[PDB]
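S.K.: Test case, fold it:
(chains A and B, ligands or ions: 2)
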Number of protein chains: 2
Amino acid sequence: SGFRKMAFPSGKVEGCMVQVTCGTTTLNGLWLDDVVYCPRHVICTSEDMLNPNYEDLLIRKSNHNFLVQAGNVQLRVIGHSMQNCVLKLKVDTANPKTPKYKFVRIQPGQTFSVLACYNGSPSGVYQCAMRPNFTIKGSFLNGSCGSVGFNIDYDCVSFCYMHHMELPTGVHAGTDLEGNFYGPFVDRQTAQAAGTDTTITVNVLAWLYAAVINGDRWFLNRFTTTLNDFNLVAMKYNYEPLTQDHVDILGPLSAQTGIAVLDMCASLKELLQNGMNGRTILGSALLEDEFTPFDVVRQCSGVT
Amino acid sequence: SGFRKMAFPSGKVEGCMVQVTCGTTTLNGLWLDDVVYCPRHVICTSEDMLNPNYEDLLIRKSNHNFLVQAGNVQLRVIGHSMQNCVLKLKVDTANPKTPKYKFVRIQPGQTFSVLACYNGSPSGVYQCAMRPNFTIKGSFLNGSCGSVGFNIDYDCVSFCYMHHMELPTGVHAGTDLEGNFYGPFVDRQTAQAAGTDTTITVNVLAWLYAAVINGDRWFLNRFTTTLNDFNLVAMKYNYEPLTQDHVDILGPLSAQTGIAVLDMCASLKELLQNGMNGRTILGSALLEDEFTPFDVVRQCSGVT
Ligand SMILES: CN(Cc1ccc(Cl)c(Cl)c1)c1ccc(S(N)(=O)=O)cn1
Ligand SMILES: CN(Cc1ccc(Cl)c(Cl)c1)c1ccc(S(N)(=O)=O)cn1
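M.R.: Numbers count the residues shown, from 1 in each chain, chains lettered A, B, ... in the order given. Ligands and ions are numbered 1, 2, ... in the order given. Next comes the structure:
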């Protein structure tokens, strides 16, 4: 028992992290097979980042201008291409540590692990969620660009995020591994305000189920509600609307705890309306929304 | 910027995790060089765990009774010995993935990463603290015993914890890699109540410094205090007494933010007395105590 914000074991991804330098910009790349994926802004200088013309900047760059270092061994770059906001550097050596992998684009409210890296070297691993406004709340210093987000299903790493920037507001934006930004963000040093950071209702409900399953029961009440009634309260509190699809996804946890999803919604409704009154749930004084229903089942069932 | 509860990258430790089976008990072992370390309770059956005589139980066990599996390959056990509460299984093969490593016994308030494992296979990684009552608040299901806690300094893994049990109260107890329990706990299914789970003051202060450094400034006040005055309030709130050693340890963060340690203590004092008033610090509604001053500097400086 006990419930922790758990990341995937990072080893399979550690074995893919390299350093990419172009001129005076160093950041991280992802080495899978004979391709290194990195943010295209690696080609950008100081004055370039205000309104960079990536096509024009890239013309001035040859394969030999991209310095790719794996540990303390240099990889030979035999090709480069820009796909959306990422560069693909073809190297002459397949990464011998390439895991089974996929590139997935995740939906807002889905969670993933980040392996924060500097100079192609891992600093730490943490779990976060794609926010409903398509930001993530990360831990990224200068040099962390090209750090990746991922999920693992047994031995298959699904890469879903590559870090590109911290926005003016101290929140983070990046791309899938096809180089498409999540949300409306662009790889340019400009005004980029995020939308409302709404709470991922279905995740809160999952986490309340985790709380029940690990003994924190105090917030269970005598009430029920309907989706429509609950959603009136969700709206008021900047919670994502709950859909029948979310109810279906919570079916497993509903079954286990024998608590109907709508009864848990009524518990969440009272918590929203009444607050915690100085009490805690799974060591938190706020309602946690970076566990998916799948995460709660995975952690409660001990999948490896 | 941004501040996350970050674990060490787990790869170096993933490469050390094996499965140990004795009779009908399966749990995890740590394979370093030609030794596998695992909880001694691996030899215990259903009725054994109420008051096991480990010396007597171990007499009935031979090397061939300890089944050690690394991935899906069996290791040959050429010796076994009990050291305190761990078994050391000598195998005929050095772990080719053995990292540089040390065994350290940590002090309460020190943090470490856990790699939660089942059947010698990694499920997830998370950061926790040795509590002042020598428990940890983990995420451990049946089969997770022998999962380890560790810190990394560059390429050296310092192993500090091996999981042995969840106590009646839903909190966790284990040993250093010499097999000595943290705190008064024993590897026996008996009444084992934990002491007061006090808050790690020096860690809270570190985390308030992290908050300032990443822009959450609202709790900074016009006041100062003394260690003695602060400690009167700490006592009242089940916070660990703050010592001059803790002040010295916070010197780096004091310097950076230009906020004196005693001024930050006065901020913490008001937060204790007044509460958060529904506000948050680094996305938390309670004062976080599982970051050490060293952790805050490491994360804020991007050590790999
Ligand atoms: C935190 N960070 C790096 C940084 C900033 C200031 C200093 Cl003093 C240092 Cl050492 C490093 C950035 C960099 C660009 C942007 S942006 N896209 O809004 O211009 C935001 N954040
Ligand atoms: C949570 N856990 C395993 C468990 C418990 C009950 C069930 Cl239903 C299942 Cl599936 C698994 C244990 C096991 C022993 C103890 S102790 N040392 O206090 O007796 C505490 N917790």
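
S.K.: Tell me how many other residues crowd residue A:272.
M.R.: If you count neighbours by other C-beta atoms under 10 Å in any protein chain shown, residue A:272 ends up with 17. C-beta here means a position set from N, CA and C on the backbone, and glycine is covered the same way.

S.K.: Next one: residue A:287 relative to residue A:210, how far apart?
M.R.: Going from residue A:287 to residue A:210 by C-beta to C-beta, to the nearest Å gives 12 Å.

S.K.: ok, residue A:123 - contacts?
M.R.: Residues near residue A:123 by C-beta atoms under 8 Å, 6 or more residues apart in numbering or on different chains: A:116-117, A:144, B:6, B:9, B:298-299, B:302-304.

S.K.: what's the answer for residue A:237, then?
M.R.: A:199, A:272.

S.K.: so the closest residue to residue A:155 other than its chain neighbours bridges to which residues?
M.R.: Spatial nearest neighbour of residue A:155, excluding adjacent residues (C-beta to C-beta, 6 or more residues apart in numbering or on different chains): residue A:100 at 5.3 Å. Per DSSP bridges, the residues bridged to residue A:100 are residue A:156.

S.K.: okay but residue A:100 is in contact with residue A:157, surely?
M.R.: Yes. The criterion here is C-beta atoms under 8 Å, and residue A:100 meets it with residue A:157 at 7.0 Å.

S.K.: that older thread, out of the contacts of residue A:123, name the ones that lie in strands.
M.R.: A:116-117 (DSSP state E).

S.K.: and the contacts of residue A:123, which are buried?
M.R.: The neighbour-count test (16 or more other C-beta atoms under 10 Å in any protein chain shown) marks A:116-117, A:144, B:6, B:9, B:298-299, B:302, B:304 as buried among the contacts of residue A:123.

S.K.: Please list which of those residues also come close to ligand 1.
M.R.: Near ligand 1, taking C-beta under 6 Å from any ligand atom as the test, no member of those is found.

S.K.: hang on, the earlier thing: okay, residue A:100 and residue A:157: which has more neighbours?
M.R.: residue A:157 (21 against 12).

S.K.: I'd like the distance between the residue located most distally from the centre of chain A and residue B:129.
M.R.: Using C-alpha atoms, centre = their mean, the residue of chain A lying farthest from its centre is residue A:222. It sits 36.1 Å away. Computed as C-beta to C-beta, the residue A:222 to residue B:129 distance reads 37 Å.

S.K.: what do you get for residue A:214?
M.R.: Going from residue A:214 to residue B:129 by C-beta to C-beta gives 19 Å.

S.K.: Looking at these two, which is more packed in?
M.R.: Between residue A:214 and residue B:129, counted using other C-beta under 10 Å, residue B:129 has the larger neighbour count: 22 against 18.

S.K.: can you give me phi and psi for the more buried one?
M.R.: Main-chain torsions, residue B:129, degrees, to the nearest 10: phi -120, psi 140.

S.K.: And residue A:122, by the same measure?
M.R.: Taking degrees, to the nearest 10, you get phi -70, psi 130 for the backbone angles of residue A:122.

S.K.: In contact with it, which residues?
M.R.: A:10, A:14, A:17, A:115-116, B:9, B:11, B:304.

S.K.: Kindly report the same for residue A:213.
M.R.: Each residue near residue A:213 by C-beta under 8 Å, 6+ apart is listed here: A:3, A:253, A:256-257, A:296, A:300.

S.K.: cool, and residue A:289?
M.R.: A:109, A:129, A:199-201, A:203-204, A:207.

S.K.: hmm, back to that, format the buried ones among the contacts of residue A:123 as CSV; extra columns: distance to residue B:242.
M.R.: Shown next, in CSV, are those (distance: C-beta to C-beta, whole Å):
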residue, distance to residue B:242
A:116, 30
A:117, 35
A:144, 33
B:6, 25
B:9, 32
B:298, 22
B:299, 22
B:302, 28
B:304, 31
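
S.K.: and of those, the nearest to ligand 2?
M.R.: Using C-beta to the nearest ligand atom, residue B:6 comes nearest to ligand 2 of those, at 27.0 Å.

S.K.: Phi, psi for residue A:37 please.
M.R.: Torsion angles at residue A:37 (phi, psi; degrees, to the nearest 10) stand at phi -100, psi 130.

S.K.: cool, the one 3 residues further on as well?
M.R.: Dihedral pair for residue A:40: phi -70, psi -30, per degrees, to the nearest 10.

S.K.: right, and it touches residue A:85 too?
M.R.: Yes. Counting by C-beta under 8 Å, residue A:85 is a contact partner of residue A:40 at 5.4 Å.

S.K.: Would you map the strands across the stretch 1-150 of chain A?
M.R.: A:17-22, A:25-32, A:35-39, A:66-70, A:73-75, A:77-83, A:86-91, A:100-103, A:111-118, A:121-129, A:148-153 (DSSP state E, counting those that start in this stretch).

S.K.: Let me know which of these is the nearest to residue A:177.
M.R.: Among those, the nearest to residue A:177 by C-beta to C-beta is strand A:100-103 (4.1 Å).

S.K.: Show me how far that closest one is from its chain's centre.
M.R.: Remark: strand A:100-103 is offset 16 Å from the chain centroid, using C-alpha atoms, centre = their mean, to the nearest Å.

S.K.: which strands and helices sit next to that strand?
M.R.: If contacts are counted by 3 or more C-beta pairs under 8 Å, 6 or more residues apart in numbering or on different chains; DSSP states H and E, strand A:100-103 sits against strand A:156-166.

S.K.: Which elements pack onto the strand it packs on?
M.R.: Applying 3+ C-beta pairs under 8 Å, 6+ apart, we find strand A:156-166 packed against strand A:35-39, strand A:100-103, strand A:111-118, strand A:148-153, strand A:172-175.
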